[PDB]
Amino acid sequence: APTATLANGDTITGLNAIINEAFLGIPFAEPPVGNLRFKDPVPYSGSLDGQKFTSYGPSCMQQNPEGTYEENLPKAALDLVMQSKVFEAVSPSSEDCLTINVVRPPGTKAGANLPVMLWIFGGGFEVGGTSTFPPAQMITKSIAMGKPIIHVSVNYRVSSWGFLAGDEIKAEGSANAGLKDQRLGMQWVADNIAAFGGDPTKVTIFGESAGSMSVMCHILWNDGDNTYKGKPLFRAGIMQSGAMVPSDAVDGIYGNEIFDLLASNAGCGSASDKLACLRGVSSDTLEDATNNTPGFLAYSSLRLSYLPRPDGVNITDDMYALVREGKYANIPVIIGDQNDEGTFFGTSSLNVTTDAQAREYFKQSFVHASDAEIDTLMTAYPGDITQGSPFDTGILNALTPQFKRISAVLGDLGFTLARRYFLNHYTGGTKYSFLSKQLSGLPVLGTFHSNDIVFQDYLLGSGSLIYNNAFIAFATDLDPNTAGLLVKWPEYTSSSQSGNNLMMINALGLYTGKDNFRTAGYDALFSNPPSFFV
């Protein structure tokens, strides 16, 4: 059976899956339960000696994506599904969920010094777990390429459990617990990966959506100091859909509103110390209270109840400002997007049909935007249905007169144009960028968010050439071009550069293009980034 002797002398046993060897469910932190709730993770102090790690542990508690303080069918329906004994069995979750998984090529031994790809899952900082991201496809392809890599994934707390904010959390120093879970896992990798055959100096961090934004936060963490015991925790990063988070401070307006609401929901509205009151309620009570705060699919949509927020200590300031000021780790990166990131999320506001309703929804969502800014946004992202997302689909997909428009805004501010802003200011290392149009023609959604996960972990498609091959070559040589693709991937310097600067994907394969689309929207959005923060 696969075996590894940890840093502390413990010898653990893994699972031989023939095509790979896996050590699943290794605890890396003490269970963040009871009075440890919402607090920084504590290193796991214990003996794993003689233990087997052959199964993924439970995921952290999950929030109902349709959750909200209102009562409705979608909410009721998902809750029915999520509280079912069958669901509970196929997808177990718990507050004791801080585990890490290591999967490697068969026959890998300590000292192999293989590059390490550390995965951070997406899920709108509200749902997610490591078990739904099979590494077999990545690993198998890495062996066939003669560029074997070791795959590592870490669970982290999501929703209220991991991203609670407000005055109290700030005062306590407990901001961004979920990001701190990810950081500890990185330290565990630095300390223990050599035992599994990986090289701690060849770690590439990567993630999708919420995970991609997590990677960005890790680049910006501690003002760019990514070292642990005198050595950097990662040498590169891959960002699949997501750059800086456009959020106000942890003690800002919305961070405080959500905290108070959750507190009222849990029955802590009258406590003098709501935080200690929240630590005392049962898991069921807390879970209920959380499902009564907006989930990412509810009307509020991407104005998330829980997400990374600057705290003045680990994330010292507005993330857009950190990027302009050079406060980041200096590493080579790959950051890309799916053509139609906002369509799925745009389905959350299908009761908005007129321009007057659109303007009001935008006003409600962006509390810091002036009417002039709102008017500018609505000029840059017009009612014209041929102009919205799914992009380039003409009069098709008109679920409502505003859907394609709202989808265009959501995708651009949340991901696509945010990426361009990062790329235009980042001088930390070499940059590579891609844009996928692999699913052009798919009704309603187009090349929507997360489809890349399918072509990276489940099915093979033209996109796999990038999601697997190119990514593996980057993690190995810090240049995606060593993958030996037919289309050379050009370095990205700025969006105003002459010549193609984007690697592109369609159903047939790869080709290059330019990152010069929707320049009007970019200015509308980023002339003053803080006007559109949540």
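Start at 1 with the first residue shown and count on from there. Superpose the two forms; the largest set of C-alphas matching within 1.5 Å is the rigid core.
More shifted region, core-based fit in 7 other deposited structures of this protein, 385 to 393 vs 76 to 84 by CA:
The stretch that sits farther from the shown form in 7 other deposited structures of this protein is 76 to 84.
Overlaying the structures in 7 other deposited structures of this protein on the rigid core, point out which of 179 to 187 and 86 to 94 has the bigger RMS C-alpha shift.
Output: 86 to 94, the stretch lying farther off on average in 7 other deposited structures of this protein.
When the C-alpha temperature factors are averaged for each of 419 to 427 and 274 to 282, which stretch ends up with the higher value in the entry?
Mean C-alpha B-factor is greater for 274 to 282.
Tell me which of 211 to 219 and 254 to 262 has the higher mean C-alpha B-factor in the deposited entry.
254 to 262 has the higher mean C-alpha B-factor.
Options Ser496, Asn501, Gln62, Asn468 - largest CA temperature factor per the record
The listed residue with the largest C-alpha B-factor is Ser496.
Based on the PDB record, which member of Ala144, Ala177, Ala76, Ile335 exhibits the highest Cα temperature factor?
That would be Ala144.
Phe23 - Cα temperature factor, lowest/middle/highest third of chain
Ranked within chain, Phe23 CA B lands in the highest tercile.
Within this chain, which third does the Cα B-factor at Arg359 fall in: lowest, middle or highest?
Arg359: CA B-factor falls in the highest third of its chain.
Third of the chain's Cα B-factor distribution that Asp392 belongs to, per the entry:
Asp392: CA B-factor falls in the middle third of its chain.
Based on the entry's values, in what third of the chain does the Cα temperature factor of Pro92 lie: lowest, middle or highest?
CA B-factor rank for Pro92: highest third.
Could you tell me which third, lowest, middle or highest, the C-alpha B-factor of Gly383 occupies within its chain?
As the PDB entry reports it, the C-alpha B-factor of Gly383 lands in the highest third of its chain.
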